[PDB]
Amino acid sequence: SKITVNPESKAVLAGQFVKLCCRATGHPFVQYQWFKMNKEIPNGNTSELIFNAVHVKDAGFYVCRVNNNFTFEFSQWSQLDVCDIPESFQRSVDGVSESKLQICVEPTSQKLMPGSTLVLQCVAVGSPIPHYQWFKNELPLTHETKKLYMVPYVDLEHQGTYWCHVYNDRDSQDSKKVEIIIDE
């Protein structure tokens, strides 16, 4: 029959306790079957899909099929993103995944020389899944929408103040504004 609760797309750290939920109107008098894409997850025949301690391997797209005698309904797709980061960044994050949007890894300030690789990282967790947008000197970096902002070979033109805008539709958080100096 019809679905009351659809699963949320979310970003979590590896090792954390994570659930994905699907609840029908007929609950508990319906059948549930979870899928990671077209793979029928074995023993994922319950309302909520539980990863006791997520692994990066677990990241991907999930859907839940709910049936009731005659019908069949597929839930919305849920994207599970699993980030592997050192313990040193897991401050203010326990072994249970929480929905709150929060930056775990912040960008860094660097003095590089022309020809260096510039690597900028911003890792956040939250539900709904966080989105990224990198900025340089108050302007958004066209198409820079990942945790990583990388420049293979820097010119002097790459100098400036950088930050990442992390956001969903419940919250947003700008990362530290970092300074990238390019000289010799």
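Position 1 is the first residue in the sequence shown; the rest follow in order.
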query	finding
Of 76-84 and 99-107, the stretch whose C-alpha atoms average the higher B-factor in the entry	99-107
Mean Cα B-factor comparison, 25-33 or 50-58, giving the higher one as deposited	25-33
Deposited CA B-factor, highest of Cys64, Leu120, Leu139, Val125	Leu139
Record-listed C-alpha B factor of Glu157: chain third	highest
Third of the chain, ranked by Cα B-factor, where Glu8 sits	lowest
Third of the chain, ranked by Cα B-factor, where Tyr132 sits	lowest
Record-listed C-alpha B factor of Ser116: chain third	middle
Third of chain Cα B-factors occupied by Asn45	middle
